[PDB]
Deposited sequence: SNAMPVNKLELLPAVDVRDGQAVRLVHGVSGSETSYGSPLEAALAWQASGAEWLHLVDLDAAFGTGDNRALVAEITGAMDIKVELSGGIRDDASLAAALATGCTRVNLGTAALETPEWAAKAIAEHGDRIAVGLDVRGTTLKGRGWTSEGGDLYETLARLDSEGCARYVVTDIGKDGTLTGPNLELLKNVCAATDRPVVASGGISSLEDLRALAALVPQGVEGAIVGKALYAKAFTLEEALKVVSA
């Protein structure tokens, strides 16, 4: 398969935004998140990666708007942000998204996350936010957690290097290679993508287990177009 591209739309206070290092308050705003999602779809996106950052940070939420965006997509939607308990998981699933991501929940409430995995299967992926080998949440050892989540039947991982997120300095390819070497489950790369060369490098890791790549600031800051990105990961 080709590398899947998941252009991102992160929502804060009803706006499309990008963060640096995932830090609340580092937002750059780009306007309407609905218009952004529809633009990605129009350019040929197969996936939207949609994030409710208010829910992630515990500052209210954008539930109605996230539901509207998801419903406006004819393409697959991965939804993330603050999915930490039965009600936030139910709200997310009710958007009709293709899959959700659990992040902090895997660290803070591992038994709840295991139960969600058992009950929803591959509608769940787990986000791993990494610095070095340490997991972070809004702690844990990367390989111990990966091993535990594997044994619990986790279908898929979304791996973010926090130090690269929103920085346009390139992805952490070594991190990604070694997570792929540790689990047989598909890995989605997130954070740092800055150039078409970065995408070529990620595409070369598909045989090792990199299934897809979430692309954020490179698209909003026009490092390349989504059309270029889709061409480059094609054969």
Where does the model have holes with respect to the deposited sequence? 1-6, 145-149
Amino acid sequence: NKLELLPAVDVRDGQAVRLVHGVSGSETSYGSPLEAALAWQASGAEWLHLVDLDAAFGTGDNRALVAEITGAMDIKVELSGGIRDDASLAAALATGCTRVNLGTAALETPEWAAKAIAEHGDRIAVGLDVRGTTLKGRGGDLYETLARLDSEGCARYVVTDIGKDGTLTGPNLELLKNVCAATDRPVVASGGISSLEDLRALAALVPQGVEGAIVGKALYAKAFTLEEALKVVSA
From here on, numbers count along this sequence of modelled residues.
Comparing average C-alpha B factors as deposited, tell me which of 111-119 and 86-94 sits higher. 111-119
Would you determine, from the values in the PDB entry, which of 172-180 and 47-55 has the greater average C-alpha temperature factor? 172-180
Divide the modelled residues of the chain into thirds by Cα B-factor and specify which third, lowest, middle or highest, holds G71. middle
Sorting the chain's CA B-factors, does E78 end up in the lowest, middle or highest third? lowest
Ranked C-alpha temperature factor of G25 among modelled chain residues, by third: highest
Looking at the temperature factor on the CA atom of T167, which third of the chain's modelled residues does it land in? lowest
According to the PDB entry, is the CA B factor of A64 in the bottom, middle or top third of its chain, that is, lowest, middle or highest? middle
